[PDB]
Structures are given as C-alpha cells and as structure tokens.
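Worksheet: the structure to be examined is printed underneath.
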Ligand SMILES: Nc1ncnc2c1ncn2[C@@H]1O[C@H](COP(=O)(O)OP(=O)(O)OP(=O)(O)O)[C@@H](O)[C@H]1O
Ligand SMILES: Nc1ncnc2c1ncn2[C@@H]1O[C@H](COP(=O)(O)OP(=O)(O)OP(=O)(O)O)[C@@H](O)[C@H]1O
Ligand SMILES: Nc1ncnc2c1ncn2[C@@H]1O[C@H](COP(=O)(O)OP(=O)(O)OP(=O)(O)O)[C@@H](O)[C@H]1O
Ligand SMILES: [Mg+2]
Ligand SMILES: [Mg+2]
Ligand SMILES: [Mg+2]
C-alpha cells in the first residue's frame, strides 16, 4: 500500500485491498500500524509510534495478522509497553506465546457465580465494600485521592497471600499504566521490587509520550496478558489505571480518523470501548477451569463530578464502586472512602465469613453516624444516645484509617473491627484509636489469628476466647 | 486515480489526431461568437466568487500578499486573510451589501496600513484611517502598517516616568508608569470611560507645562460604542482643548466587525508613531471586550471552531499582540513610550470571565471599578 | 506543466453521475427507444434511510407538496434542492428502495374537515383509525393555513369554562385565547385537558346551538393504549358527540407526529370559521417539537439550540396563532388552544418551553410538589 | 430574470443568469398565492443568491420566475401612513384601502454619520412626573421599558405618543416586532378608543403609525419589521424635521428573530445560543435611532430578560444601547399609583448634574433618597410598630408616603374610561413641586 | 423517540392475548431529565422510580413513594379504601419532607 | 519531488524577515502542511521555499 | 436496462463516470474507440487555453460552456459516446473531471485486456 497522506499519527493508505479491520500493518520505516477504518478509497491507519518517519508515497505492507501480544508466564516480572514489547532492558520475553488483544468475553454458560473473596488488605474496602474473585470494581475519585494507593495495596497484598495459600489459589496481578509519567511507573517497579510483588506482577506501561493507539490498546494488551491466568485455571487481578486516560487516547484517534464527535468530543462507541474490556473480567465455570480475573478500572473525576461521560459509563459497567473523596482525604480519613456512596454488588456473597458477621454491624452504625453529624455540627442539642452514635461512629471512622503500603491480612482486620464493634474501643480517646489498634494486634496472641484464618469464621469457641484476649491488652489513653 | 497514473497523462498517447485538428480549426470561431457573454479573464486582478457575512471569496489575485489591503471596484477596502489554492478569502472593511459576485478586486500592493504622523493629530478617523470629522483628508501624514510586531526584550527598558492621570485614587493608590499597560476593568456604567477621559484631559493640562519631550499625545480608540457617545466625546475633547493632542479612532456599533476588530490596531499604529520618534503616547482601547466580540463574529462567520464561551482560541493572541506594543523603549531606540489603557466591561462583577482573565494576564495591573461603590456615590469606584 | 489546473476536479453536485447517466446511456444505438427517465412529475429514490428519501428529479414539485411513492406510502416534499428533493416519509421507509418511483400528487397536505369528523378518531393525516368506515360528511382543507390577521380578530370577552375550580377561579380562560398547560410528568396536564373537554360536553346540552363548543384532542407521541383509554372515557362520558381525536402515536412516523397538531387545527378551524366555537388541545407539543427536530436533523438543516432548527419557534407560533376569536363580520367564531408542554424537573427555561411561553397568552403551571400535598389539580 | 433553485424552509436560493441582485435587495416571486418577497442574504457563487422569505414558502416550485426590484424592501413613508397598520413589506393590513405614500423609502440604511450627529445630549420632556424627574428621557436616546401585563404599559405607550405629539409636535411609530395578534389587535383598538388613531376622514389627525410584524410571520419578516418602523420614523426625522417616537415592542423578539434567520442561513451560533452577529445586528437598528441635525428619534423599547438573567448576551448587548430604564412594577400598581413606574429601580444616564443641572439633579436625588429611606424601614415598621420609631423617621415616612402618592398622575388617554382629566406637567413645575 | 416508540408500541395487550412488560430503565447520573428515561416515561402504565436517597437510608426496595406513579391509582379502579390510604400515605410522606428541612 | 519529512525546517526565500516553516503534515498531493515560526504577512502564493 | 459488468470496481464521482462510460462503450464495442477520443481531449487541453478555460473558470456562463463543446463536437470525431459525455460534463461544469475519468477508464481497460 502507498501512503497517501500522513500527519497527527494517522496515515491514509492507498491500496491494501485485502487488509482486515483491526489488522496490524507495517510501514517501510519499521513503525507499525493498525488498519482501523477501511474506506472505499483509502485505509485509515493509526500509527504505533512517531509518524515523523512516514512520508507520502511510503510503502505499507500488511502483516496478515490482527493485533496480538505475547501472553504466558514469561510476562511475569517484566515491564512491557502497550503491545507486549518489554521496556525494562531485560532482553526478550522467554517462555511466552502470542494471542489476540481483542478476544470475545466469556458468555453466560462459561461463568459461575463470584464466591471466593479477593482480599485487598485495605480494611475500608475489605469490610464495607468487599470484592470477590471475578468482580470488576471501579476505583473512582478526584485528582489526588488515594486511587492508585488502593490498587497498589491490592497488588502488594496478593504477594503476602501467595506465600500462604496453596499454588492453585494464587492471584497474579497485572498493572496497566495508561497515560502516566514514565518515572511514575518507574517508582512502581521500584516499589514492587523491594516489596517482592514483582514476582507475580506484569506491568503494561503506555506512558504519556507513547502514541495514542498505544495507550488505547494497552488495557486490551494487559487484559490479554491477564486472561492467560483466567483461561488456565489460575486467578488474575488486572488494574487499569486511568481508563479515563485511555478514552482520551481513543478520542484522539477517533477525531483524527474523522469519526464524528459526540459527548464532550467522545466517539459514540466509547461505552463499547470499556464494556468490551471490563466484561473480560470473569469468574469462569469449573468446566473451563474455575479461573478468574478481577478488574479494577480507575476513573478520575474533575470536581467530584461523577456525572461525566466516561465516569457514568464505567459506573454502569462495573459491579461495585470505590468512591474516594478529596474532602474526606484531608480530614485524616485515608483511604478516603465515601462509605455512603461506595457499593459492592457482589456484597455479602464473597466476603470473609469472619468479617461478614462483624462488618454488617459496622455499616449499620456508620449509616447512623452520617446524618447525626450533619445536625450536630450546627451545635443545637445532643441526646445521650445521639451522643452515642456520633461518638461510636468516630471510633469506627478512625478504625478504618490505614497507612500507605501496609496491607493488613484479613484476620488482623476482622479482629480490629471486632474490638471496635464489640465495645472494646469505647472510652479510648479518638486521637489514638489509630494508635491503640497496633496493641490490639500485637498484644493479642498471634495464635488466635491462625484459628480465624483456618476457620474463616468466628466460632462460638473463639469469640469467648478472643474477647477474653481483648481484655488483657494495655490500651493508650484509656 | 493515482498521481503516478495522472503524471503519465502529460505525455501524449493518443495515436490518432482526427479530432484534435477538427476542433482546433473550429474552437476559435465558436469562442468568438460568444464574446458578449465572456467577462474578461482575470489573473492579477480578482473577481468576486461569492460574498456573504462580510467575507468575500475572490478568484484570481495571483500575486496578493497574505494580509494585504485589496480594493473592491466599489471603493470598499478588504484584507486578504487566507490565500487558498483556488480563491482568496478577503475580509471586507465595510458593508458587504455593495459587493457583488463578479465584481473586480484590485490588489494595492501593501499590507493593511493607516496614515500615521503629526497630521492625524486632532482628527476623528474610522477603523482604517479615513477621517470622519468632515474637515478634509489627512495631510502631513505617512502610511504605516497596522500589524507591526511589538519590540523585543532588548529594545525595552523598565518604566520610570510617572504618567499622571489626574485622578486621586489612581495617582495615589494605583499609580501608572509611562510605558505601562493598565486595565480599567469594571461593570457597565461604573466610570470606566471617565478615568480614561480624565487622563486625556490631564495630559492636555500637563503638555503646556513640560518641555516638548515629556508631552503625552493621547489616542482614544472607541470600539463598538455608539456614534452619539463618540460625538459627545469629541465635543468634550474639543472644548477642553484636549483635541490638540488627541487622535480619535472610532469603529462604532453600526460599523462592520472587521472595522471594530481592526480599529485598536489602527490606533496603536497611530500612537506608535509617537513611541518610535521619542515622544510619549497614551492609548485607550475603550471596550476591548467589544473588539473580542467583533473578532468572535468574524471567526464564527469564517467557520473556525469555537472554544470557550464561543471565542476562537486566538482571542488571547488578538489582545496580546495588541497590548505588547505598549512599551517603554530603550535609549538606543529613542526612549519613547506608549501607555495603554485597555477597558474591559465585566458582567455582574465576574472577573473570572474569559476575555477579562485574558487581558488581566497581559496588562501590568488592573483598576477595578465596583458597582457597589459606584451606587453609593464613591466615584471613582476604585476597588 | 500546463495541465496542472485540471489535476483535481471540483463538483457542484453530489449527484453528478445521475445527470451523466441520463445522457450517456440513451446515446447508444439500441437505447434511443423507450427508456428515458421521466423527471418532471416523477422521481427516483436516490437514498432512503430513517424516514427520509432523497429523490432525483421531480422538477415541478412544490415546497411542502404531498408526493406518493410507488409502494403506496405517501410523503411530503420538504427540502427542494438544486438536484434532488428531500422527502419526509409518512410511514415506514422499509418498503422504499433506491430506484423507487415517486409520483407527485399535485396537492399540498390535505385533511378532511367538516361535521363528519365529529366522533371519529383519526391519525395525524386525517385517515380514520377507529374502523368505522371513511369520513362521510367532510371536505378537504389545507393543513398549513394562514392565521387570521389583526382585523379578522376581536377582543376575547366570552368565558370558556373548563369545569376546574382552580382554573376558572384563578386563571380565567376566554373563548379565543391560548393557555399553556405546562408542568412536569404525571402532574395532571391531561387531566385538566380532559376535564375541560368533558365540561364542554356538559355545557353544550343547556346552551343554544350558536354557543356550543366543539373539542379536538390532538395526541402527539402518546401510546395507542392511552388513546384507547381516552376514547373509552370520552365514549362512556358522552363527549364524543362533540370531540374529534387526532392521534399520531409513538409508533407513527416523525412527519405524522409533526403534522398531527396542524391537521387537528385544520379540523378545528372548521368550527372557528363557520361561526361556531372550538377547543383544540395539543397534548404534548413537546413531542411534536421532538419529531420536527428529528425530521430536520435528518434533512441536515443546520441545528441550533439543544438540537433544534431555527424555525422551531415559527413552527409553534404559526400553529398556535390560528387559535383566535374572530370578528362579527366573520361569524364571530373562535378557537381556544391548550398546548401541553412537559418540563424536566420544573424549569420554564427550556427552549421549547420558553418558545411556547412566549407564544401563548397565559400559562397553567402545574407543580409536582403541590401534587403530593393533596392539592389536585396541582396548580401553582 | 431569475428563477428559484432551492427551497429549504424559509430560505430560498434564486439563480440569476444575468447579473445578481445586491445583498439586502428585494425580490418578488412572480406567480404565487400571496405576495412573496425575498431579501437577498448572500451571494453563494455559481450565479446563485441566497434569500430569506418574508412570507411562507409552501407552494414554491424550483424554476419559478423571480423579479429583482433593484433595491431593498421599500415601504411607504410620510404623513399618509399615520393611523395605518403596515406589515414588514409595506402592505396595509388594517383593511382600510391603500396607503397614501408621500415617498417610498428603502428600509436599509446606514446610520447617520459622525458629522450629522448631535453632541448636545438634552432631555425629552414627556409630561409625566415620575418619568421627567427621576428617570428622564434623552432626546435621541433609547429607553428600556420593563413592564408587562396589568401594570398599565399600554396606557403609558399611548400617553408618550399623546404627550410627544401634543408638546413637541412629533409623530410616533409603533413597531410591533413579533407581537401576538391578539395583543396587537388590542393595542390597535385601544389606540382607536383613546383617540391617538383615527379612522376614516379624520385619519390625518392620527399621531401613530403601527408597523406590525406578527408572531406567525416567518423569521425573516419578524427580523426586518423593526427596520420598517425605523424607516417610517426616519422620514419624519429627516424630511419633516420632528422629534419622533419609535416603540420597538419587545426588542428581545427582534434579537430572537435575527438569531433565527442567522441559524437558518447556516451560521455557527455564538455564545449562549445567539447569532454571531448579535452586537452588529442589534447596533444596526439602534444606531439609526439618534439625533440628527434635522430632528431626532427617541426609542422606547420593551425589554424582556430571558431567564431573569441580566448577563445573558441579548439583554447585555441591549443595555449597552439604553439611555434610561423605566421599570413598571406590580407592587407600585397595587398601591393604586398610576403610572406604575418603580421610582427606585428606574435609572437614567441623563441623571447627572452636567446635563440637567444641579437643581434638577439634587431634587431627583433627594426624592430618590427619601423613598429609599422609607423603603428600608418597612421591615422595621411592620415588625416593631408603626409609631414605634422616632418622629424624624416618621417624618420621612410621611414625606415619602406623600411623594409616593405625588408621582401618580392622571392621563389624557385614560379619561375616556376614567373620567378624571389628564394633566400634562411641565419640567420646571415638576422640579419646583417636588 | 421514534426508535423507542417503535419498540414500546409492540408490547401491548391485544385482543389475542396480553404481554405484561416489566422494563428496568437506567437513568444516567440519577437524572430523570435525561432524554432516554424521559422519553420512555410516556410509554409506561406504572413507573416505579427508585431513588438513591431512599437507598442510602437502607430502605429497600428503594422505591420513591411520591415519584412512583401508576394508572391503576384511580378510586374507580382499585376501590376507595385502597386509593385513600395510598393518597394519605403520600400526603404524610410529603409534608414530612416539607418538615425535614427544619428538622435538620 | 521528494517531500520533506514531518518536523523538518523549511526556509522561505524573499521574506522581509527570516521565516522558518516547520513541516506538520503531508497533505497528500505533493503538498506539505507547515507551521510558521514568524508572521506570514507578505507571503505570496508562489514563493520559493527551501528545505533544510 | 442492464449493461455489461465492469471488470474492476472503483470509487466515486470521477471513477463512477468512467465505470459507466466504459459500460456504454462495451455495448457498441467502442472501448478502444472512445479511449483515444479521451486521449485527444487530454491533448487538446494542453494546446488550447480557451478550451481549458471552460473547465477552470467559474465565471464562464453555463449557457456558453455547454454551447462551445456542443458546437465543436459536430460533423467529425463524435463517436456519440464522447459527444454525449463532454456535453454532459459541460452541463454540470464537470469538464475538469476529464483527467481522472480518463485515468480510471484505463484501469478498467487494462483489466479488460487481462
Ligand atoms: N492511605 C493513605 N494514607 C496516607 N497517604 C496516602 C494514602 N493513600 C494515598 N496517600 C497519599 O496521597 C497521595 C496521592 O496518592 P495517589 O498517588 O494514590 O493519588 P491518585 O489518586 O493516584 O492520583 P493521581 O493518579 O493523580 O496520582 C500520595 O502521595 C500518597 O502519599
Ligand atoms: N468620578 C465621577 N464622579 C461623578 N460622576 C461620575 C464619575 N464617573 C462617572 N460618572 C457618571 O457615571 C456615568 C457612567 O460613567 P462612564 O460613562 O464613565 O461609565 P462607563 O463605565 O463608561 O459605562 P459604559 O461603558 O456603559 O459607557 C456617567 O453618566 C457619569 O456622568
Ligand atoms: N384532580 C385530580 N385528582 C386526583 N388525581 C388526579 C387528578 N388529576 C390527575 N390525577 C392523577 O394523576 C395521574 C397523572 O395525571 P395525568 O396523566 O392526567 O397528567 P400528565 O401530566 O398528562 O401525565 P403524563 O405526562 O404522564 O401523561 C393520573 O393517574 C391521574 O389519575
Ligand atoms: Mg495515580
Ligand atoms: Mg464606557
Ligand atoms: Mg398526558
């Protein structure tokens, strides 16, 4: 094929008459392409790289193949670009196999219900908005909330669980970094190395200097690298960091392929852009292996405005929602989870049974905390039980705070919400409930955490032993 | 149809010429019998393809420069904005109701220029330099371009001389340097014009007490105003004597939006005469927020994509390349200055508007005039 | 090179091949016979889609003239352009293919008006949909009629009683004015309209024949079950002895929903023009506005605010100014319009709501907060 | 000499094989039901002009002959138009014969140039006390009327007509731009009833020319009818030498009509939704309303504010041209005060001591301050008590209570149904009285 | 509107049988003024509107009692003992909402 | 013949000042689309442009 | 009325004319006759300036332009497909399409000679 015109990362190509839609093509400059809109007179080819090396009249060869990435266990540990190619300087991907990036999601008969829990290690999530394996959960928030920090804590925590579970139920994580800085993702490879999570992590990095078709296609490349573990009976965890930056990369190609703009400028098919991708996160049936893929799309809002175009699409696609608020972030509540707006549609089906019976009371009390504090900040009057619910809900709000990169396993999370909901953290001052609960985990016997890990549930022979052990602790303030 | 395949058709490949010679003996007599219906062909002149919305498309004009005064045969000036491969899009400095399809367009050979000099001092002109006060043509004057680039970094010095306005609030609180740019921003009817008029009258009072080089020659550019307002202002400047030192450029509300877009550049070219020859100029663009509206009209009639509020996107560049010519020159360039007073009307005190925050990030300061101080009688209502 | 000026061509016609084709193929020695595409009173569908047919030819069609396709389905010649006609289809365009023959009917859009329309449920074009035979005692009339002038009218003096206490006490309505029943969804707008029609049935049996008032309900964009429930209530009340119903439902084509208020106004202008008194109710003029916006965006007319055309004000003002009270030298008859405009969360700042507020005389604003406070009719 | 090529709504393309008509020129479609006048909007190229119709285009065939009149829309002007109703193109719609034309003038015109303008900036005495004192009218200025329904707007219109014809001997034009036909007929019959319009043989003693472009007319006809009223007023200014009154009824409907014809010609809309040429399409009308050396036109334009939003671009563009506002209030009219001019919300640019003098300025500012001082203690009287505060506060209560009465005035056109004879009040008597 | 209407007008009880339709309608940002729910509001005999505010209180099913309407709420259809208790419950829930801005 | 690459610098001969044009796009018919680094007032439609 | 089928399919509005001009030249076996009829008009535009003015100038009247081509394509060199093509292309002012209707005619011709 001959290049008719070229500019802005689009090359209109004469000829190429047998080219397929979505097929990889190769320019004679070595830079690749993808035939996106086949027209009667030309082909519209989005260019995988810098379009300064393409000239008018250059030769375009079709590769014959739709766009594909190398999948397999040889991608584990490596940092690749938007299509497979590793950018960490460690040679080729050994022990790997190519497969298409646009695979049809498993249908109705290929699934089963989401029942196993996915522990993130964030107790504001693992108590109130719990996440099952095969569930897609939106981490939506404003500009610099804790959105990545929720998702990095879900990845680091899988390293802590993979050492303790058998080989079959290990979760292999994939972090797709779309439109970010290249040094921002270099800070995450350094964090995943010195924690050790890079043994189980693939990083698909389409940074801000990559071409707009490399950032549009990198969530699909990362989903294809993570669908390897779903299709072969293992468990995957995919995190698409800023799907709101993938859709801006999609809007750029759609406006330069002269597809007519819609809302804000976005193409019409931008719902189909994300629902094609998030529906690939599934819990498969046991005939297909019982494998699983859990998605965490990240969407950035502008001023807490979830009524945007891309925001309302992904809210409509995903099961749950982890809504992070910038005003809760600065009040000290970090993770800044809006407990009144954050949902989980799987809900009590796939949470920890040891915390299903504790965090039912926790959201029942925090729902009562919210409306009474709207009244009592005026300073009218207080009622000695209305005084109880805004004093108890302050014990629970400080309980769900957390530090940056320390995911709490699942048993030390449910003992702490036990000690906060069974009254053991009343008359402890509110300033050091964040400081009392290290004593509630360290001074309480380390072998009571093993029973609640092995049972998975507070047995009657354990609450009478644990609440005997939550009394022999030296709490600060008191 | 490849251009590789359209390039081989330059070479003759007919292999039979039995109707090349048939029509080439018959073409000229058939063309000759229709000469009453041929308009004369046009190469270096222009012919109007289509006129509408104050933009004409002109066929021909093979050698026009971009940005050049063209003259329609009905005497209306234009400016060749975009030269295209097939036509020239010209922008009509006037009403387009007198331009027809098939009219002749004449190139003038010069980029859009206005008469500058000592002889425009005292006169009331339109947005392109033709006088409207009725006292004859501009004499003792010369032609200079309206889209001069502003002086660079090395051609300037910092402002040192103190440019008295005559307003106690301004000269005490918000004092004006002599090469400065000071925005007079306020609502409707908050005394924005009155500050600039007082500055012009005070320059008249100070020009007769200073020795010939510390004199300030004012320019008032009235864009989008009423013509009765401009007549009353010329009456005031005449009876105070301030019209001895003032040029008055007016593109009023009835005038075409190209003339309202161009009138601050015309007045700036007239005041840059005093900047460039060592003297000092004062220029007041009254309602630069109306020049922005006229430029938005021109841009949406040119089908350029609207941005914020509807504005073309280069509406910052419109005012920045205007106000950057208000400078204080160095001693190697004469030491002349030009002080600008852009005026921006604000809607209900909204300083966070588009054109308002554009001109705030161009000018060296602001003079905010509030309606709540103006209604109470605190006049000038300087915030 | 001296041939560079002809390198790329420029065309003044998208259908250039449609002109070259009718001059190249009859030039062969077989086809001088019998095969000439007729273009004066006939056409060929070039394009068809979404209820718009682009028709080649039809050189002598008039603007707004009713045309007919060869599959029987009718249409209106709405865009008349230099090389083609844009025809809005009065049915489903699935039966229309490229190359279909389009005949002009010679007439602008007509409607059967007269006393034979009383008791009948028609569609948006006047054809009966109640299955009681054709319209009997009628005659055809134009749908786009000029509204009466300044001197044809006289001042509104006579009251038109709606039977609603809130209206007839607080918002008094005269014979010949236009009152806008504006409100949110499910606030009682149709209830005020139906109570007015039923009360005119009650008043018509006790006043002389010169003072009876004959109702027309235009149902634009509603569902056929709602219209069937309304015909059932009008029959069980007895209001069908004086009421025409013009029903262009949701499944009907957008040009029919556009033309139903104009056809119902043409039916009610019979009673206005011959001395009697009319009551026209355009229920959901919002939906007629949406249908007209559909046809105009599909005809690629330049869109304005919210997507609407420039002449969407002219649409409703040209419709609603036909509700007048005539002068005594024109019979003294009258026509009273109740347009119904649905608001979205109760703003009268929406574009079509502002247009009809500018057109009509008064308004009856029904507030949804007053609805569940017990106040029914929920009149603000 | 030209033939119809495209008909898209109210927008007609006409093709001329000879030479094209000018932009704004009037074309007559030869052969139609009614007189169909088109106005040339642009030259599209390929010998096509793009026109905007002044009537309905339904029933128009491509190839219909179109005659160019060689000029813009031309309307009858003179004293023979007084007491008549015209549409936009000059036809009589009052059904009272033809119109006795003194001349036939083009409605399209440039504004009176800089040498012709008046620099004087003087006051138009209107004979109404609250209007002459607090919000005076500039002779040659534009005045926004913020009335409505039931505040006595039509009585104020007919009294400005009556008092200007009585005092200054000038005539009036009423341009009903886009008005409902019921309201236009009501104003017509109310003018016949009040004696400012006379029918039959006494037709020459009428003071008002009605120019009506109704709401059911196409957008091109509503967009140009204000120019027709302007042309009728400009004849009285430039030939008769009078102080004319023009009443543009709803200047916002003029704006909205020009916005519709700009949308129909395929132009990109500017801010909020308006035409890109909004300031110049408004200023082309308002700059022809001025004082020339011959006479003046004073324009009283009713202003509608779209979403109760004064920063909307149509009232923000109109308010640049206005020289006075007279806000008519319902609360003033429910104290039985007529005319219902709000004495505190009405403004004027003519209210400063450099055009009206310190005497008139200080009387007006004292009256306005006294009424304001009474206004911001009515939540102190109604809450704490009538005789609760001081005697000086009740002195301002009594003085403003009797000034608030004194602004009312009986009107001469209202005497045929109220009985009370109307009383013209001069300016110096108003100053010395207040 | 015509695509939605062409779908919705086939789901009818006819003289042959009947189709009782239960359609969920997503509103895009808890916004009932969006044209895709506002178009389909005119097609339904009974519109159950579920509100976010009712769901955050824990009242489940989160049916907005005031905003949910039906055409079966006439007293000559469901009797007066049903109609007046439904209207009384709605009036008590409405003037509670008018009090709720002053309780808070 | 032999178009400049995208981002290449082009010099306009005969301008009043030095006018550098940076190539932005290849338009398709032996035409490149350029961005002027200075003012284009004075460009005539035949002016010689030199690729660097 | 069904024509011969074209060898290869082409794009529109200049190659759509050539697809039909080929079809009414393969009906009378005039495929090689109208081809050099086309090539002679390519050459005639290189010679004559008043013939190319009937394809570039927008100010020539369409009455003139359709009556110069009709008044020189008579009594010699007609072929009645060439004579009716260039009077159809002069009606709509599409005589500038003569270069690319020729190029796409060859691409049908060269795929017809196999
Ligand atoms: N749980 C937490 N406790 C304390 N600090 C936190 C917590 N989570 C995040 N932070 C701090 O907040 C800052 C923002 O976190 P993060 O990088 O997750 O923002 P983000 O939501 O990803 O926004 P962006 O994508 O723009 O970076 C980080 O510097 C981090 O130090
Ligand atoms: N310093 C002052 N003292 C007294 N009166 C003043 C003063 N400045 C202005 N005024 C009066 O206020 C009115 C508004 O003044 P001015 O015309 O300067 O305002 P503006 O901002 O130009 O309004 P617009 O831009 O709408 O013309 C004038 O009528 C003037 O008489
Ligand atoms: N005066 C009334 N008293 C009691 N109920 C009423 C009254 N008016 C209306 N309703 C009830 O309100 C419901 C909605 O009313 P209606 O359909 O007449 O209004 P609408 O605005 O036309 O609704 P929609 O726009 O959905 O058609 C109906 O079920 C009706 O029974
Ligand atoms: Mg981040
Ligand atoms: Mg001013
Ligand atoms: Mg209804």
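Protein chains in written order, with our numbering: chain A, 591 to 1068; chain B, 14 to 396; chain C, 1053 to 1432; chain D, 516 to 949; chain E, 3 to 106; chain F, 29 to 80; chain G, 7 to 120. From the three backbone atoms N, C-alpha and C, an ideal C-beta is built for every residue, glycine too.
Item checked: the segment 51-70 of chain F: positions lying closer than 8 Å to chain A by Cβ -> 52, 53, 54, 55, 56, 58, 61
Margin query: Measuring CB atoms only, is the segment 588-602 of chain D touching the segment 715-734 of chain D, in the sense that at least three cross pairs come out at less than 8 Å?
Written below: yes
Margin query: Taking 8 Å as the threshold (C-beta atoms), are residue 922/D and residue 526/D in contact?
Written below: no
Next item on the list: Using a Cβ-Cβ cut-off of 8 Å, state whether residue 1054/C counts as contacting chain G.
Entry: It does: the Cβ of residue 1054/C has a partner Cβ on chain G nearer than 8 Å.
Checklist line | residue 1008/A: first and last residue of the uninterrupted alpha helix (DSSP H) it sits in | finding: 1001-1011
Note to self: Going by C-alpha to C-alpha distance, which of 572/D, 550/D, 536/D sits closest to residue 557/D?
What the structure shows: Of all alpha-carbon atoms in 572/D, 550/D, 536/D, the one lying nearest the alpha-carbon of residue 557/D is that of 536/D.
Notebook entry, point to check: Would you say residue 1247/C touches ligand 6, meaning its beta carbon is less than 7 Å from a heavy atom?
Noted result: no
Item checked: Proximal residues of chain B, C-beta to C-beta of residue 72/F below 9 Å -> 75, 76, 77, 78, 79, 96
Notebook entry, point to check: Between the segment 22-44 of chain G and chain C, which residues of the former have CB atoms less than 7 Å from a CB of the latter, in chain order?
Noted result: 22, 23, 26, 27, 30, 33, 34
Next item on the list: Return the Cβ separation of residue 772/D and residue 693/D in integer angstroms, given the expectation that the two are a contact with Cβ distance under 8 Å.
Entry: 6 Å
Notebook entry, point to check: Can you round the beta-carbon distance between residue 685/D and residue 757/D to whole angstroms, since I take them to be within the 8 Å contact cut?
Noted result: Under the criterion of beta carbons closer than 8 Å, residue 685/D and residue 757/D qualify as touching, at roughly 4 Å.
Next item on the list: Quick one: which residues of the segment 895-917 of chain A get their C-beta closer than 8 Å to a C-beta of chain E? List them in chain order.
Entry: When C-beta distances to chain E are compared with 8 Å, the residues of the segment 895-917 of chain A below that value are 896, 897, 902, 906, in chain order.
Next item on the list: Output the distance between the C-alpha atoms of residue 545/D and residue 745/D, rounded to the nearest integer angstrom.
Entry: 28 Å
Margin query: With a threshold of 8 Å between beta carbons, is residue 277/B in contact with chain G?
Written below: Interface with chain G (8 Å Cβ-Cβ cutoff): residue 277/B is excluded.
Check: At a Cβ threshold of 8 Å, is residue 237/B touching chain D?
Finding: For residue 237/B, the answer is yes, since a Cβ of chain D falls inside 8 Å of its Cβ.
Check: For a contact meaning CB atoms closer than 7 Å, what does residue 57/G contact in chain B?
Finding: 40
Check: Which ranges does the alpha helix (DSSP H) cover as unbroken runs of at least 4 residues, wholly within the segment 782-857 of chain D, from first to last along the chain?
Finding: The qualifying runs are 793-801, 828-833, 845-848.
Check: Secondary structure at residue 295/B, three-state DSSP: helix, strand or coil?
Finding: It is a strand residue.
Margin query: Alpha carbons only, please: which of 286/B, 323/B, 322/B is nearest the one belonging to residue 129/B?
Written below: 286/B
Note to self: Determine whether the beta carbon atoms of residue 1138/C and residue 1349/C lie at a separation below 8 Å.
What the structure shows: no
Notebook entry, point to check: How many whole angstroms separate the CB atoms of residue 777/A and residue 805/A, which I take to be in contact at a CB cut-off of 8 Å?
Noted result: Not quite, the Cβ-Cβ distance comes to about 19 Å (not below 8 Å), so this is no contact.
Notebook entry, point to check: Whose CA, out of 335/B, 254/B, 239/B, 242/B, lies closest to the CA of residue 231/B?
Noted result: 254/B
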